[PDB]
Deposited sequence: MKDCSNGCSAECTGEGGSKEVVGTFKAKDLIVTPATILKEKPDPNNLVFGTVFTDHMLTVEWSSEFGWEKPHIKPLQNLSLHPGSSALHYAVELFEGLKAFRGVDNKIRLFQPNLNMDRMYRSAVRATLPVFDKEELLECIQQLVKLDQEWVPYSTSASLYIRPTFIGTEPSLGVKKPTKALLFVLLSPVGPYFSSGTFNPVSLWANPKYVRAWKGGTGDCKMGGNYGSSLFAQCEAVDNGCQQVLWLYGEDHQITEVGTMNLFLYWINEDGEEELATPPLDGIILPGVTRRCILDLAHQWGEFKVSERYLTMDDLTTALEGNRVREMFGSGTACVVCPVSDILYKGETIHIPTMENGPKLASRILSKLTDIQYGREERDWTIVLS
């Protein structure tokens, strides 16, 4: 494994102008520096670099281009209202990226060395961490196989790098979802519980089909009973009165077709902590939903993820009809409370072991 202590820094000689915080398109503007660490089965890991944001030089046969031997992560840096820059649950991302690496047969690395390197990269480009309480700096760790051979096997050459991109919003701005059981995002025995590239390229066709049909995201359905799994590539939360008549906040269980979002776990933690309603990790089907709506039992439906934190849902185009979800006419009370809590913690307006300082 590589070590932060060996970092080699090559500052850009011409720094870019920081963008306008009020209107940023997600992941389109990049900072001045990036992190890069090369690996080869022959000599192991080389020393990590922090150099000007540049194009990668890859052999046209790199397995990442042919067999999707790749995985990524998503985490943010926030400038606290006390002007101190913080990271949110960073070690959980390191753990997920590590487990995905193993399932991808990519080379392992010392989680703490990566986190420290990332902190240094952020520290160097710190002025990119927006001066806004509604904006942040997206951190994108990426791991690709660069095996020059076309043979399908464990890579003997790989690259690990990190990009920094100042972001505002990913897309309250409620969204409509397009539900069509003809497409499946992930399946049992699959790799859907990992952030491996191969899980997203296969979804673009359905995404496109949603856009030209009036929606902004796909509602992923699975199985014979049409379980509702995720809002686009965000975890799904349903706030309602369940079949037993008790107020409840529900989300699909981690049975292998659901990605264990950090946001997801935090909302469950805050929900369990408030103890004001039942919190269940259970299955939810379209019929559980439509049945519930015609009984006026649904209050809010939203998605969770690092980019949005939470993103309310107001409609679902299903069997040829549009099903309205009373999310926005109900506040959304909980959606807001949640977003309010999480950001309060991210920007240090509240102390809690979920953030890391500079």
property	result
Segments lacking C-alpha coordinates (deposited sequence numbering, starting at 1)	1-23, 195-198, 386
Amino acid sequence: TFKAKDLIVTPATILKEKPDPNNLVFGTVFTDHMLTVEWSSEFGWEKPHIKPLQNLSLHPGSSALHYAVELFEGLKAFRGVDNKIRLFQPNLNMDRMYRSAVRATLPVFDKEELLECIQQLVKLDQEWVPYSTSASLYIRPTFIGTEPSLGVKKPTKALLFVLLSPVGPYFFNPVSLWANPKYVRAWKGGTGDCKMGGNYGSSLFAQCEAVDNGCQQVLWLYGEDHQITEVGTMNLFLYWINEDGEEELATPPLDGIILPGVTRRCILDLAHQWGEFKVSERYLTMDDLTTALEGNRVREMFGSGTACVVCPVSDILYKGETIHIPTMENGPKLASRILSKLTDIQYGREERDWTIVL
From here on, numbers count along this sequence of modelled residues.
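Definition used throughout: the rigid core is the maximal C-alpha set that superposes within 1.5 Å between two forms.
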query	finding
Farther-lying stretch by C-alpha RMS in 7 other deposited structures of this protein (rigid core fit) among 161-169, 112-120	161-169
Between 323-331 and 65-73, larger RMS Cα displacement in 7 other deposited structures of this protein after core fit	323-331
Stretch exceeding the other in mean C-alpha B-factor - 209-217, 254-262	209-217
Greater mean Cα temperature factor according to the PDB record, 159-167 or 77-85	77-85
Highest recorded Cα temperature factor - choice among 293, 64, 35, 328	293
Criterion, highest CA B-factor; candidates, 145, 174, 189, 141	174
Third assignment of residue 309 from its chain's C-alpha B-factors	highest
For residue 60, the third of its chain into which the C-alpha B factor falls	lowest
B-factor third for the C-alpha atom of residue 276 within its chain	lowest
Residue 105 - which third its CA temperature factor falls in, relative to the rest of the chain	lowest
Within-chain third of residue 303 by Cα B-factor, per the entry	lowest
